[PDB]
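Below sits a lone chain in structure tokens, taken as the form deposited in one PDB entry.
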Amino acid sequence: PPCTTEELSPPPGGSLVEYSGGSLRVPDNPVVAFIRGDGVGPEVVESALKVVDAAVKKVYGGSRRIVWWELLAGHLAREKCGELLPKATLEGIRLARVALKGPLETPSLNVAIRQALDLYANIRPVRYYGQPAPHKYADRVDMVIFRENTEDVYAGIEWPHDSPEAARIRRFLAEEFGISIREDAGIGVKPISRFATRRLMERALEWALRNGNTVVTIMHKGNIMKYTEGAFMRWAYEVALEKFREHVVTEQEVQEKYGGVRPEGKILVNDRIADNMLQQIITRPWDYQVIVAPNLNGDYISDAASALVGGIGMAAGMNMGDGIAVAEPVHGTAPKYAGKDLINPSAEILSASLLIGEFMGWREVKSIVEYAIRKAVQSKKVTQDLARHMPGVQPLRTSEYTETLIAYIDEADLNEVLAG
């Protein structure tokens, strides 16, 4: 496994995924980079490769074969190459276009990867797998959050209240704009751009078109923050109408042209005030599918949705750029379950299924992997984090849950798994 950009050597038995003109090109023997990561990461990434690879083989009958390619990040990289994040990893992902990733410790390194590959879109699916859940309507949560991951107040533009830099900003704002900010105030800046908004909405719409989603909802506080969040909403509606006119419909258009009903074959593009959006996913979760949001709103809504379905530890994610994606769990390294064989690998498995099934196009892999996880929960064969919430259920270990899952995958009839 490579330690310098010249060492860069992908496995022979696999062709590269291509980018070069709008369309991503995926062959039958595709190279997918995998990173082990830190803590529970090696535990759960190895768990996923075993699961996905019993599928891909069980799903396509053998014509397809995923070729796993190792890249080093975290403790494993520091043990070999002598650094936490090597350049050869970034260039490895850059040539492969697709990669799967465990959590990394930050003594964050996640942000470096994102910033170096321009992974501007954070993608978080939230779905119900039958677990014990606090939401009466957990089973009607079937959502994907498209979260802008480069701007907003999360860009780190801020200064301590007692810093000379904050003092210079305060006086600058006062003198030039008659803005008054207290002397004992910390100061942050919130940038939202047309370019970043447009890219994110384009990816969200292309995703909706791919999966036959019928609603895309922009989540914003544009009534109060007119020029950042309101601009976000306006720019999102604008690209939608500009580049997706024929695939797209507006709430007003529905209530003017189509007798109050969204036409089949067409996506409803709407918007919700951010605090209202939180209320609506709780009250009317069936009304929402794809949610498009700036950084913070996206962070909050995805977290809230995962809590509703009792999937906090099970949340899977993915960071996507133009021709490139890196899938990873929401959770951290969990240093208290690592090397313990106790942790839930569900998040890491679903992440693999997100990348391979929902972004490469291999829809049949997602279908089965999710069938198994649902079957695991139905017959109460899961790890301690779930088993602690079910009366009198014995926890199944991590390595046990994997083999349990492979079993459900191969044992399954594909006429009941792949329909419509």
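Quick note: we count residues from 1 along the sequence shown, nothing fancier.
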Looking across the other entries that model both neighbours, is residue 61 missing in at least a third? yes
Unmodelled stretch from the deposited sequence between residue 107 and residue 108, which bin: none, 1 to 3, 4 to 9, 10 or more? 4 to 9
Between 250-258 and 315-323, the record assigns the higher mean Cα B factor to 250-258
Out of 76, 116, 155, 187, which shows the largest CA B-factor listed in the entry? 155
What third of its chain, lowest, middle or highest, does the C-alpha temperature factor of residue 272 fall into? lowest
Ranked against its chain, the third holding the CA B-factor of residue 219: lowest
Within this chain, which third does the Cα B-factor at residue 26 fall in: lowest, middle or highest? highest
On the chain's distribution of Cα B-factors, residue 367 falls within the third called lowest
Within this chain, which third does the Cα B-factor at residue 179 fall in: lowest, middle or highest? highest
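The following text describes the form deposited in another entry, which does not appear among the structures shown.
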Hinge (C-alphas switching from one rigid part to the other between this form and the one not shown) among 238, 138, 207, 120: 120
Mind checking the CA-CA distance of residue 307 and residue 334 in the other form? It differs by 3 Å or more from this form, so is it closer or farther? closer
Quick one: residue 249 and residue 22 C-alpha atoms, closer or farther in the other form compared with this form (3 angstroms or more)? farther
